[PDB]
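**Student:** Structure: work-v9.txt, compact mmCIF, N, CA and C atoms and all ligand atoms.
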```txt
# COMPACT_ATOMS: atom_id res chain seq x y z
N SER A 2 80.02 34.46 15.96
CA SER A 2 81.41 35.01 16.06
C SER A 2 82.03 34.67 17.35
N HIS A 3 83.35 34.70 17.32
CA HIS A 3 84.08 34.34 18.55
C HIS A 3 85.36 34.99 18.79
N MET A 4 85.84 34.52 19.97
CA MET A 4 87.21 33.97 20.37
C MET A 4 88.14 34.42 19.25
N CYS A 5 88.70 33.51 18.50
CA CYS A 5 89.72 33.87 17.71
C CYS A 5 89.43 34.47 16.41
N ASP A 6 88.26 34.94 16.04
CA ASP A 6 88.07 35.41 14.62
C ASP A 6 89.07 36.35 14.07
N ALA A 7 89.67 37.27 14.88
CA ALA A 7 90.68 38.19 14.37
C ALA A 7 91.99 37.54 14.03
N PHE A 8 92.14 36.27 14.38
CA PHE A 8 93.33 35.51 13.95
C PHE A 8 93.10 34.75 12.66
N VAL A 9 91.85 34.45 12.31
CA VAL A 9 91.58 33.55 11.20
C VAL A 9 92.04 34.22 9.91
N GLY A 10 92.62 33.42 9.01
CA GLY A 10 93.00 33.88 7.70
C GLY A 10 94.37 33.30 7.33
N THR A 11 94.93 33.93 6.32
CA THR A 11 96.20 33.58 5.75
C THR A 11 97.15 34.75 5.93
N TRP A 12 98.29 34.47 6.50
CA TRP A 12 99.24 35.44 6.94
C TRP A 12 100.65 35.14 6.37
N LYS A 13 101.37 36.18 6.00
CA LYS A 13 102.72 35.99 5.41
C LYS A 13 103.75 36.70 6.30
N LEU A 14 104.89 36.06 6.50
CA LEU A 14 105.98 36.62 7.29
C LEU A 14 106.52 37.90 6.64
N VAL A 15 106.59 39.00 7.38
CA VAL A 15 107.20 40.21 6.87
C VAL A 15 108.43 40.65 7.60
N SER A 16 108.66 40.24 8.85
CA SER A 16 109.89 40.53 9.53
C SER A 16 110.18 39.52 10.61
N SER A 17 111.47 39.36 10.90
CA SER A 17 111.90 38.51 11.98
C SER A 17 113.08 39.15 12.69
N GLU A 18 113.11 39.03 14.00
CA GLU A 18 114.20 39.49 14.80
C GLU A 18 114.59 38.43 15.83
N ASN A 19 115.90 38.19 15.94
CA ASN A 19 116.49 37.33 16.96
C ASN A 19 116.06 35.87 16.83
N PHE A 20 115.57 35.43 15.65
CA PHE A 20 115.10 34.07 15.53
C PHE A 20 116.28 33.08 15.59
N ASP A 21 117.45 33.41 15.03
CA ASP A 21 118.57 32.47 15.14
C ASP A 21 118.90 32.22 16.62
N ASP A 22 118.96 33.30 17.42
CA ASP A 22 119.27 33.09 18.83
C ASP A 22 118.18 32.36 19.58
N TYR A 23 116.90 32.57 19.25
CA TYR A 23 115.84 31.75 19.82
C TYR A 23 116.06 30.27 19.52
N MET A 24 116.33 29.98 18.24
CA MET A 24 116.55 28.62 17.83
C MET A 24 117.74 28.01 18.55
N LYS A 25 118.85 28.77 18.71
CA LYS A 25 120.00 28.24 19.47
C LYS A 25 119.54 27.84 20.87
N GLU A 26 118.74 28.69 21.52
CA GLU A 26 118.34 28.42 22.91
C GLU A 26 117.44 27.16 22.98
N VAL A 27 116.62 26.89 21.98
CA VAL A 27 115.79 25.75 21.99
C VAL A 27 116.59 24.49 21.65
N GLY A 28 117.77 24.60 21.08
CA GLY A 28 118.61 23.51 20.82
C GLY A 28 118.75 23.11 19.34
N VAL A 29 118.31 23.97 18.43
CA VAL A 29 118.36 23.67 17.00
C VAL A 29 119.83 23.75 16.54
N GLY A 30 120.22 22.74 15.78
CA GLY A 30 121.57 22.63 15.21
C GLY A 30 121.75 23.59 14.04
N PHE A 31 123.04 23.82 13.72
CA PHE A 31 123.44 24.78 12.75
C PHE A 31 122.69 24.69 11.44
N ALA A 32 122.69 23.53 10.81
CA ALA A 32 122.16 23.48 9.41
C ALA A 32 120.65 23.76 9.41
N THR A 33 119.94 23.16 10.35
CA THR A 33 118.49 23.42 10.49
C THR A 33 118.29 24.93 10.77
N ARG A 34 119.08 25.54 11.65
CA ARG A 34 118.91 26.98 11.89
C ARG A 34 119.06 27.76 10.61
N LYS A 35 120.07 27.42 9.80
CA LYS A 35 120.28 28.28 8.64
C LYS A 35 119.13 28.18 7.66
N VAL A 36 118.65 26.98 7.40
CA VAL A 36 117.56 26.80 6.42
C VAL A 36 116.23 27.28 7.02
N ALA A 37 115.99 27.01 8.31
CA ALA A 37 114.78 27.54 8.95
C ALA A 37 114.76 29.03 9.00
N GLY A 38 115.91 29.66 9.30
CA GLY A 38 115.95 31.10 9.32
C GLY A 38 115.68 31.75 8.02
N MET A 39 116.02 31.05 6.94
CA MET A 39 115.71 31.50 5.63
C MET A 39 114.26 31.28 5.19
N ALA A 40 113.49 30.50 5.91
CA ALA A 40 112.11 30.24 5.56
C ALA A 40 111.28 31.53 5.64
N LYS A 41 110.28 31.63 4.77
CA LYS A 41 109.35 32.74 4.76
C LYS A 41 107.94 32.13 4.85
N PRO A 42 107.54 31.64 6.04
CA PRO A 42 106.32 30.90 6.13
C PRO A 42 105.09 31.72 5.91
N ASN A 43 104.08 31.05 5.33
CA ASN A 43 102.72 31.53 5.54
C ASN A 43 102.09 30.73 6.69
N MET A 44 101.28 31.45 7.42
CA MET A 44 100.58 30.94 8.62
C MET A 44 99.07 30.98 8.25
N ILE A 45 98.41 29.82 8.30
CA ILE A 45 97.02 29.72 7.96
C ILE A 45 96.28 29.30 9.25
N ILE A 46 95.37 30.13 9.71
CA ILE A 46 94.64 29.89 10.97
C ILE A 46 93.16 29.77 10.62
N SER A 47 92.55 28.67 11.08
CA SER A 47 91.15 28.43 10.90
C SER A 47 90.51 27.93 12.16
N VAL A 48 89.20 28.12 12.26
CA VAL A 48 88.43 27.64 13.37
C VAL A 48 87.20 26.90 12.90
N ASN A 49 86.91 25.76 13.52
CA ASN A 49 85.71 25.00 13.17
C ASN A 49 85.16 24.48 14.50
N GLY A 50 84.09 25.08 14.98
CA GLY A 50 83.59 24.78 16.31
C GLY A 50 84.60 25.19 17.38
N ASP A 51 84.95 24.22 18.22
CA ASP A 51 85.93 24.42 19.25
C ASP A 51 87.36 24.15 18.77
N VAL A 52 87.54 23.63 17.56
CA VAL A 52 88.86 23.24 17.11
C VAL A 52 89.52 24.38 16.31
N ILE A 53 90.71 24.75 16.78
CA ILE A 53 91.55 25.70 16.04
C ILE A 53 92.63 24.90 15.33
N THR A 54 92.89 25.29 14.06
CA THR A 54 93.98 24.73 13.30
C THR A 54 94.92 25.85 12.86
N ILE A 55 96.22 25.61 13.09
CA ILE A 55 97.29 26.51 12.66
C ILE A 55 98.24 25.72 11.81
N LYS A 56 98.38 26.14 10.55
CA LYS A 56 99.34 25.57 9.58
C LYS A 56 100.45 26.58 9.33
N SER A 57 101.67 26.09 9.26
CA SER A 57 102.87 26.89 8.87
C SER A 57 103.42 26.21 7.59
N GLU A 58 103.41 26.94 6.48
CA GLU A 58 103.85 26.41 5.22
C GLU A 58 105.03 27.17 4.73
N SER A 59 106.09 26.45 4.33
CA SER A 59 107.32 27.08 3.81
C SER A 59 108.03 26.10 2.94
N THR A 60 109.11 26.52 2.33
CA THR A 60 109.90 25.61 1.49
C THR A 60 110.58 24.57 2.32
N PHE A 61 110.75 24.82 3.61
CA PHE A 61 111.51 23.85 4.41
C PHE A 61 110.62 22.78 5.04
N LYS A 62 109.48 23.20 5.59
CA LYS A 62 108.53 22.25 6.14
C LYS A 62 107.11 22.79 6.07
N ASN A 63 106.14 21.90 5.95
CA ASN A 63 104.74 22.21 6.16
C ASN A 63 104.30 21.51 7.44
N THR A 64 103.87 22.26 8.43
CA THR A 64 103.43 21.73 9.67
C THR A 64 102.04 22.23 10.02
N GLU A 65 101.31 21.41 10.73
CA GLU A 65 99.94 21.73 11.10
C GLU A 65 99.62 21.18 12.48
N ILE A 66 99.00 22.02 13.28
CA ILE A 66 98.46 21.59 14.60
C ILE A 66 96.96 21.92 14.63
N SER A 67 96.22 21.03 15.26
CA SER A 67 94.83 21.31 15.62
C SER A 67 94.70 21.04 17.11
N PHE A 68 93.84 21.86 17.77
CA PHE A 68 93.75 21.78 19.22
C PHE A 68 92.48 22.50 19.68
N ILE A 69 92.15 22.22 20.95
CA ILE A 69 91.09 22.87 21.69
C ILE A 69 91.79 23.69 22.78
N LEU A 70 91.31 24.92 22.97
CA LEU A 70 91.93 25.77 23.98
C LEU A 70 91.88 25.11 25.36
N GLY A 71 93.02 25.14 26.03
CA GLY A 71 93.19 24.59 27.36
C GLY A 71 93.43 23.11 27.44
N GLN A 72 93.47 22.41 26.31
CA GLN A 72 93.54 20.94 26.28
C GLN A 72 94.89 20.52 25.70
N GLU A 73 95.73 19.93 26.53
CA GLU A 73 97.08 19.56 26.16
C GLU A 73 97.11 18.54 25.03
N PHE A 74 98.11 18.63 24.21
CA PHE A 74 98.33 17.73 23.05
C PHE A 74 99.82 17.48 22.92
N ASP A 75 100.13 16.40 22.24
CA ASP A 75 101.51 16.10 21.87
C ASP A 75 101.74 16.67 20.45
N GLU A 76 102.85 17.36 20.29
CA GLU A 76 103.22 18.03 19.11
C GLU A 76 104.67 17.61 18.68
N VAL A 77 104.89 17.50 17.36
CA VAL A 77 106.26 17.43 16.85
C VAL A 77 106.58 18.75 16.21
N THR A 78 107.58 19.45 16.64
CA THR A 78 107.92 20.77 16.15
C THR A 78 108.68 20.69 14.83
N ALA A 79 108.87 21.85 14.21
CA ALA A 79 109.60 21.90 12.99
C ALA A 79 111.02 21.35 13.03
N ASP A 80 111.65 21.57 14.20
CA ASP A 80 112.98 21.12 14.48
C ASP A 80 112.99 19.69 15.14
N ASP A 81 111.85 19.00 15.06
CA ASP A 81 111.72 17.58 15.45
C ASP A 81 111.80 17.33 16.95
N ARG A 82 111.48 18.29 17.77
CA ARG A 82 111.26 18.04 19.16
C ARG A 82 109.88 17.41 19.32
N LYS A 83 109.77 16.48 20.28
CA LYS A 83 108.50 15.93 20.74
C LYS A 83 108.15 16.64 22.05
N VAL A 84 107.10 17.48 21.98
CA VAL A 84 106.73 18.34 23.10
C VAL A 84 105.31 18.11 23.54
N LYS A 85 105.03 18.47 24.78
CA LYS A 85 103.68 18.55 25.31
C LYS A 85 103.26 20.00 25.27
N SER A 86 102.18 20.29 24.56
CA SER A 86 101.77 21.67 24.29
C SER A 86 100.40 21.95 24.84
N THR A 87 100.20 23.17 25.30
CA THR A 87 98.87 23.66 25.63
C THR A 87 98.75 25.09 25.11
N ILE A 88 97.63 25.39 24.46
CA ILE A 88 97.36 26.69 23.93
C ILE A 88 96.11 27.22 24.58
N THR A 89 96.17 28.43 25.13
CA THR A 89 95.06 29.12 25.73
C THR A 89 94.92 30.50 25.15
N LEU A 90 93.78 31.14 25.42
CA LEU A 90 93.55 32.53 25.06
C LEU A 90 93.58 33.29 26.40
N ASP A 91 94.48 34.24 26.54
CA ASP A 91 94.64 35.01 27.78
C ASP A 91 94.56 36.47 27.40
N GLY A 92 93.48 37.12 27.78
CA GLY A 92 93.39 38.48 27.41
C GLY A 92 93.55 38.80 25.94
N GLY A 93 92.94 37.99 25.09
CA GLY A 93 93.03 38.22 23.61
C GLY A 93 94.33 37.72 22.94
N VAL A 94 95.26 37.13 23.69
CA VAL A 94 96.55 36.62 23.16
C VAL A 94 96.49 35.11 23.20
N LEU A 95 96.85 34.50 22.06
CA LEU A 95 97.01 33.03 22.04
C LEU A 95 98.34 32.71 22.69
N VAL A 96 98.35 31.93 23.74
CA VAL A 96 99.58 31.60 24.47
C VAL A 96 99.82 30.07 24.30
N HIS A 97 100.93 29.72 23.69
CA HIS A 97 101.30 28.38 23.37
C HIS A 97 102.53 27.98 24.12
N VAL A 98 102.38 27.04 25.10
CA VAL A 98 103.49 26.58 25.90
C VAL A 98 103.87 25.17 25.43
N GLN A 99 105.15 24.96 25.19
CA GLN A 99 105.73 23.66 24.84
C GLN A 99 106.67 23.20 25.92
N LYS A 100 106.48 21.98 26.40
CA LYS A 100 107.29 21.40 27.47
C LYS A 100 107.98 20.14 26.95
N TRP A 101 109.28 20.02 27.20
CA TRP A 101 110.00 18.82 26.84
C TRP A 101 111.32 18.77 27.61
N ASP A 102 111.71 17.59 28.09
CA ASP A 102 113.01 17.40 28.78
C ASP A 102 113.27 18.39 29.87
N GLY A 103 112.25 18.71 30.64
CA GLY A 103 112.34 19.67 31.73
C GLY A 103 112.55 21.10 31.32
N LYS A 104 112.38 21.40 30.03
CA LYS A 104 112.43 22.75 29.46
C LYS A 104 111.08 23.23 29.04
N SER A 105 111.00 24.55 28.84
CA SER A 105 109.75 25.17 28.42
C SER A 105 110.04 26.33 27.47
N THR A 106 109.21 26.49 26.45
CA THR A 106 109.23 27.69 25.63
C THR A 106 107.79 28.15 25.43
N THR A 107 107.59 29.46 25.29
CA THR A 107 106.26 30.06 25.10
C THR A 107 106.23 30.88 23.84
N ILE A 108 105.22 30.66 23.04
CA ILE A 108 105.00 31.40 21.78
C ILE A 108 103.65 32.11 21.98
N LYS A 109 103.67 33.43 21.89
CA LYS A 109 102.46 34.25 21.99
C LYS A 109 102.13 34.83 20.63
N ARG A 110 100.85 34.81 20.29
CA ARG A 110 100.35 35.34 19.05
C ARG A 110 99.29 36.38 19.37
N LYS A 111 99.49 37.60 18.86
CA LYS A 111 98.62 38.71 19.17
C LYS A 111 98.33 39.54 17.91
N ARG A 112 97.13 40.10 17.84
CA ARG A 112 96.83 41.08 16.81
C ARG A 112 97.24 42.42 17.25
N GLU A 113 97.98 43.14 16.42
CA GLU A 113 98.44 44.52 16.71
C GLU A 113 98.30 45.28 15.40
N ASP A 114 97.38 46.22 15.34
CA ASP A 114 97.07 46.90 14.10
C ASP A 114 96.70 45.87 13.06
N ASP A 115 97.24 45.99 11.87
CA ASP A 115 96.95 45.02 10.82
C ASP A 115 97.90 43.84 10.80
N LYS A 116 98.67 43.68 11.86
CA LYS A 116 99.66 42.60 11.97
C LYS A 116 99.20 41.52 12.95
N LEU A 117 99.80 40.35 12.74
CA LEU A 117 99.78 39.26 13.69
C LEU A 117 101.22 39.13 14.17
N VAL A 118 101.49 39.42 15.44
CA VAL A 118 102.81 39.43 16.00
C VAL A 118 103.00 38.15 16.79
N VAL A 119 104.12 37.43 16.49
CA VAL A 119 104.49 36.20 17.16
C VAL A 119 105.75 36.45 18.00
N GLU A 120 105.62 36.27 19.29
CA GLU A 120 106.72 36.45 20.22
C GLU A 120 107.09 35.08 20.82
N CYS A 121 108.34 34.73 20.66
CA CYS A 121 108.84 33.40 21.02
C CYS A 121 109.91 33.59 22.09
N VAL A 122 109.72 32.96 23.24
CA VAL A 122 110.58 33.12 24.38
C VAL A 122 111.15 31.80 24.89
N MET A 123 112.47 31.74 25.05
CA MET A 123 113.16 30.53 25.63
C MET A 123 114.24 31.12 26.53
N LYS A 124 114.18 30.77 27.79
CA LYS A 124 115.06 31.32 28.83
C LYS A 124 115.08 32.85 28.62
N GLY A 125 116.23 33.43 28.54
CA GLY A 125 116.14 34.91 28.45
C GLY A 125 115.89 35.52 27.02
N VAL A 126 115.75 34.67 26.03
CA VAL A 126 115.81 35.11 24.63
C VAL A 126 114.41 35.20 24.03
N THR A 127 114.13 36.38 23.46
CA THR A 127 112.88 36.64 22.76
C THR A 127 113.15 36.87 21.31
N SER A 128 112.36 36.23 20.45
CA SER A 128 112.29 36.50 19.02
C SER A 128 110.92 37.05 18.70
N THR A 129 110.86 38.08 17.85
CA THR A 129 109.64 38.63 17.40
C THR A 129 109.52 38.46 15.88
N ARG A 130 108.42 37.86 15.43
CA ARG A 130 108.15 37.56 14.04
C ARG A 130 106.82 38.22 13.69
N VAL A 131 106.77 39.06 12.67
CA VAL A 131 105.61 39.86 12.31
C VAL A 131 105.05 39.35 10.99
N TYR A 132 103.75 39.08 11.00
CA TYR A 132 103.01 38.64 9.81
C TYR A 132 101.97 39.70 9.46
N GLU A 133 101.67 39.76 8.16
CA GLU A 133 100.57 40.58 7.65
C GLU A 133 99.66 39.70 6.79
N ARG A 134 98.47 40.15 6.49
CA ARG A 134 97.57 39.37 5.66
C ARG A 134 98.12 39.13 4.32
N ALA A 135 97.94 37.91 3.83
CA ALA A 135 98.41 37.58 2.49
C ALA A 135 97.53 38.19 1.44
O1 LIG B 201 105.38 30.58 13.35
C1 LIG B 201 106.47 31.17 13.63
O2 LIG B 201 106.78 32.32 13.23
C2 LIG B 201 107.34 30.44 14.54
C3 LIG B 201 108.29 29.51 14.19
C4 LIG B 201 108.59 29.23 12.74
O3 LIG B 201 108.15 29.92 11.84
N1 LIG B 201 109.39 28.15 12.56
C5 LIG B 201 109.81 27.60 11.31
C6 LIG B 201 109.17 27.97 10.12
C7 LIG B 201 109.63 27.41 8.94
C8 LIG B 201 110.65 26.46 8.91
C9 LIG B 201 111.25 26.11 10.09
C10 LIG B 201 110.82 26.69 11.29
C11 LIG B 201 111.53 26.22 12.52
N2 LIG B 201 111.31 26.60 13.79
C12 LIG B 201 112.24 25.89 14.50
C13 LIG B 201 112.40 25.99 16.00
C14 LIG B 201 112.29 27.35 16.62
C15 LIG B 201 111.23 26.36 16.80
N3 LIG B 201 112.98 25.07 13.72
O4 LIG B 201 112.52 25.32 12.43
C16 LIG B 201 108.84 28.77 15.34
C17 LIG B 201 108.39 29.64 16.58
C18 LIG B 201 107.14 30.40 16.01
```
Step by step, read the file and then write its structure as structure tokens.
Ligand SMILES: O=C(O)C1=C(C(=O)Nc2ccccc2-c2nc(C3CC3)no2)CCC1
**Tutor:**
Amino acid sequence: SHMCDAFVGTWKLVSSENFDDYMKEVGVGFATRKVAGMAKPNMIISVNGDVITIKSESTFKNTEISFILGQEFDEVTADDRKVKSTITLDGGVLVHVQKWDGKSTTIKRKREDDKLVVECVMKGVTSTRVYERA
């Protein structure tokens, strides 16, 4: 047992707050914001050795990242940004930093009760997205 076992599984979006404004701050255009905001993703998290895989599946896009904690990777985001990402575990929270064009955004994933809470921060704007087990 490890590290992320409390994250592993299949998770479904149950609430979102301030996601349109988060997306505006990251630079997402109108049409992508409207369709992305309407998405109801499932989040599938798995671990195999040192490799963590996170899949986000929705009607708008299916995206998947695999990574090793602390080891930077190049990522293409849902909104088609090319970013440099690093994911670490800090005090039981998965912290995902994306860097591009001299900007930065941080996505934190934490277990809280029976939920997986995703907090997304860009400049002063926070979005909170709550998932429960599927
Ligand atoms: O995993 C989550 O809750 C989180 C996100 C998400 O769900 N995104 C999406 C899920 C389906 C479809 C589209 C998106 C989409 N995100 C974005 C830009 C904001 C990045 N453009 O489209 C993004 C942050 C964490």
**Student:** Could I get the residue neighbourhood of ligand LIG 201 (chain B) at 7 Å, counting all atoms listed in the file, as a ChimeraX atom specification?
**Tutor:** /A:23-24,27,29,33-34,36-38,40-42,44,57-62,78-81,108,119-121,130-131
**Student:** Using DSSP on the backbone coordinates, identify the residues of stretch 6-133 of chain A assigned to strand (DSSP E); present them as number ranges by chain.
**Tutor:** A: 10-18, 43-49, 52-58, 63-69, 74-77, 83-91, 94-101, 104-113, 116-123, 126-133
**Student:** Counting only C-alpha atoms, what is within 7 Å of residue A:86, bar same-chain residues fewer than 3 positions away, as a list in words?
**Tutor:** residues 73, 74, 75, 76, 97, 98, 99 and 100 of chain A
**Student:** For the selection you just gave me, I'd like the residues written to a file as a PDB file, in the coordinates of the input, keeping N, CA and C atoms.
**Tutor:**
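New file result_21.pdb:
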```pdb
ATOM      1  N   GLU A  73      95.730  19.930  26.530  1.00  0.00           N
ATOM      2  CA  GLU A  73      97.080  19.560  26.160  1.00  0.00           C
ATOM      3  C   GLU A  73      97.110  18.540  25.030  1.00  0.00           C
ATOM      4  N   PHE A  74      98.110  18.630  24.210  1.00  0.00           N
ATOM      5  CA  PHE A  74      98.330  17.730  23.050  1.00  0.00           C
ATOM      6  C   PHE A  74      99.820  17.480  22.920  1.00  0.00           C
ATOM      7  N   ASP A  75     100.130  16.400  22.240  1.00  0.00           N
ATOM      8  CA  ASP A  75     101.510  16.100  21.870  1.00  0.00           C
ATOM      9  C   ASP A  75     101.740  16.670  20.450  1.00  0.00           C
ATOM     10  N   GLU A  76     102.850  17.360  20.290  1.00  0.00           N
ATOM     11  CA  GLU A  76     103.220  18.030  19.110  1.00  0.00           C
ATOM     12  C   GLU A  76     104.670  17.610  18.680  1.00  0.00           C
ATOM     13  N   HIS A  97     100.930  29.720  23.690  1.00  0.00           N
ATOM     14  CA  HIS A  97     101.300  28.380  23.370  1.00  0.00           C
ATOM     15  C   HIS A  97     102.530  27.980  24.120  1.00  0.00           C
ATOM     16  N   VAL A  98     102.380  27.040  25.100  1.00  0.00           N
ATOM     17  CA  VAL A  98     103.490  26.580  25.900  1.00  0.00           C
ATOM     18  C   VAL A  98     103.870  25.170  25.430  1.00  0.00           C
ATOM     19  N   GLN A  99     105.150  24.960  25.190  1.00  0.00           N
ATOM     20  CA  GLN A  99     105.730  23.660  24.840  1.00  0.00           C
ATOM     21  C   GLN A  99     106.670  23.200  25.920  1.00  0.00           C
ATOM     22  N   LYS A 100     106.480  21.980  26.400  1.00  0.00           N
ATOM     23  CA  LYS A 100     107.290  21.400  27.470  1.00  0.00           C
ATOM     24  C   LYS A 100     107.980  20.140  26.950  1.00  0.00           C
TER      25      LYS A 100
END
```
**Student:** Which residue gives the smallest distance to residue A:105 among A:56, A:26, A:117, A:64, with only C-alpha atoms counted?
**Tutor:**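 Of all the options, A:26 lies closest to residue A:105.
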**Student:** Have a look at A:109, A:85, A:47, A:133 and name the one nearest to residue A:5; count all atoms listed in the file.
**Tutor:**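 With all atoms listed in the file as the atom set, the closest residue is A:47.
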**Student:** Figure out the distance between atom CA of residue A:2 and atom CA of residue A:116, please, to one decimal in Å.
**Tutor:**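 Separating atom CA of residue A:116 from atom CA of residue A:2 is a distance of 20.2 Å.
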**Student:** Calculated over only C-alpha atoms, which of the candidates A:19, A:32, A:91, A:82 has the smallest distance to residue A:106?
**Tutor:**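 Of A:19, A:32, A:91, A:82, the one nearest residue A:106, counting only C-alpha atoms, is A:82.
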**Student:** Measuring atom to atom with all atoms listed in the file, identify which of A:132, A:8, A:101, A:20 is nearest to residue A:83.
**Tutor:** A:101
**Student:** List every residue of chain A that DSSP, applied to the backbone of this structure, assigns to alpha helix (DSSP H), and report them as a list in words.
**Tutor:**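 Result set for chain A (alpha helix (DSSP H)): residues 20, 21, 22, 23, 24, 25, 26, 27, 31, 32, 33, 34, 35, 36, 37, 38 and 39 of chain A.
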**Student:** Work out how far atom C of residue A:45 is from atom N of residue A:129, in Å to one decimal.
**Tutor:**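 Here the two named atoms are 19.1 Å from each other.
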**Student:** Which neighbours of residue A:69 fall inside 10 Å, counting only C-alpha atoms, when residues of the same chain fewer than 5 positions from it are skipped, and could you give them as a compact mmCIF listing (two decimals) with N, CA and C atoms, in the frame of the given file?
**Tutor:**
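Contents of result-v8.txt, as written:
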```txt
# COMPACT_ATOMS: atom_id res chain seq x y z
N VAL A 48 89.20 28.12 12.26
CA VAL A 48 88.43 27.64 13.37
C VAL A 48 87.20 26.90 12.90
N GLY A 50 84.09 25.08 14.98
CA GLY A 50 83.59 24.78 16.31
C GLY A 50 84.60 25.19 17.38
N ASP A 51 84.95 24.22 18.22
CA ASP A 51 85.93 24.42 19.25
C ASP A 51 87.36 24.15 18.77
N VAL A 52 87.54 23.63 17.56
CA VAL A 52 88.86 23.24 17.11
C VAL A 52 89.52 24.38 16.31
N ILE A 53 90.71 24.75 16.78
CA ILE A 53 91.55 25.70 16.04
C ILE A 53 92.63 24.90 15.33
N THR A 54 92.89 25.29 14.06
CA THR A 54 93.98 24.73 13.30
C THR A 54 94.92 25.85 12.86
N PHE A 74 98.11 18.63 24.21
CA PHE A 74 98.33 17.73 23.05
C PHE A 74 99.82 17.48 22.92
N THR A 87 100.20 23.17 25.30
CA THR A 87 98.87 23.66 25.63
C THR A 87 98.75 25.09 25.11
N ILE A 88 97.63 25.39 24.46
CA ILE A 88 97.36 26.69 23.93
C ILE A 88 96.11 27.22 24.58
N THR A 89 96.17 28.43 25.13
CA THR A 89 95.06 29.12 25.73
C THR A 89 94.92 30.50 25.15
```
**Student:** Is it possible to add N, CA, C and O atoms to stretch 75-88 of chain A and hand it back as an mmCIF file, in the frame of the given file?
**Tutor:**
```
data_model
loop_
_atom_site.group_PDB
_atom_site.id
_atom_site.type_symbol
_atom_site.label_atom_id
_atom_site.label_comp_id
_atom_site.auth_asym_id
_atom_site.auth_seq_id
_atom_site.Cartn_x
_atom_site.Cartn_y
_atom_site.Cartn_z
ATOM 1 N N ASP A 75 100.130 16.400 22.240
ATOM 2 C CA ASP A 75 101.510 16.100 21.870
ATOM 3 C C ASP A 75 101.740 16.670 20.450
ATOM 4 O O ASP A 75 100.945 16.477 19.557
ATOM 5 N N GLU A 76 102.850 17.360 20.290
ATOM 6 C CA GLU A 76 103.220 18.030 19.110
ATOM 7 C C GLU A 76 104.670 17.610 18.680
ATOM 8 O O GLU A 76 105.525 17.440 19.548
ATOM 9 N N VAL A 77 104.890 17.500 17.360
ATOM 10 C CA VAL A 77 106.260 17.430 16.850
ATOM 11 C C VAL A 77 106.580 18.750 16.210
ATOM 12 O O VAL A 77 105.830 19.181 15.312
ATOM 13 N N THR A 78 107.580 19.450 16.640
ATOM 14 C CA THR A 78 107.920 20.770 16.150
ATOM 15 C C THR A 78 108.680 20.690 14.830
ATOM 16 O O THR A 78 109.119 19.624 14.421
ATOM 17 N N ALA A 79 108.870 21.850 14.210
ATOM 18 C CA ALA A 79 109.600 21.900 12.990
ATOM 19 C C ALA A 79 111.020 21.350 13.030
ATOM 20 O O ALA A 79 111.531 20.829 12.034
ATOM 21 N N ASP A 80 111.650 21.570 14.200
ATOM 22 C CA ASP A 80 112.980 21.120 14.480
ATOM 23 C C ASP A 80 112.990 19.690 15.140
ATOM 24 O O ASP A 80 114.022 19.233 15.643
ATOM 25 N N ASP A 81 111.850 19.000 15.060
ATOM 26 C CA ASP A 81 111.720 17.580 15.450
ATOM 27 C C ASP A 81 111.800 17.330 16.950
ATOM 28 O O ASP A 81 112.073 16.219 17.323
ATOM 29 N N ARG A 82 111.480 18.290 17.770
ATOM 30 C CA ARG A 82 111.260 18.040 19.160
ATOM 31 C C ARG A 82 109.880 17.410 19.320
ATOM 32 O O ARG A 82 108.911 17.824 18.719
ATOM 33 N N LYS A 83 109.770 16.480 20.280
ATOM 34 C CA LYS A 83 108.500 15.930 20.740
ATOM 35 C C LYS A 83 108.150 16.640 22.050
ATOM 36 O O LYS A 83 108.838 16.506 23.072
ATOM 37 N N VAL A 84 107.100 17.480 21.980
ATOM 38 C CA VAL A 84 106.730 18.340 23.100
ATOM 39 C C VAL A 84 105.310 18.110 23.540
ATOM 40 O O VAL A 84 104.477 17.648 22.747
ATOM 41 N N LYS A 85 105.030 18.470 24.780
ATOM 42 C CA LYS A 85 103.680 18.550 25.310
ATOM 43 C C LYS A 85 103.260 20.000 25.270
ATOM 44 O O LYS A 85 103.899 20.860 25.887
ATOM 45 N N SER A 86 102.180 20.290 24.560
ATOM 46 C CA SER A 86 101.770 21.670 24.290
ATOM 47 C C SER A 86 100.400 21.950 24.840
ATOM 48 O O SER A 86 99.485 21.107 24.765
ATOM 49 N N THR A 87 100.200 23.170 25.300
ATOM 50 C CA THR A 87 98.870 23.660 25.630
ATOM 51 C C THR A 87 98.750 25.090 25.110
ATOM 52 O O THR A 87 99.671 25.869 25.259
ATOM 53 N N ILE A 88 97.630 25.390 24.460
ATOM 54 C CA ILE A 88 97.360 26.690 23.930
ATOM 55 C C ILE A 88 96.110 27.220 24.580
ATOM 56 O O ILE A 88 95.080 26.511 24.621
#
```
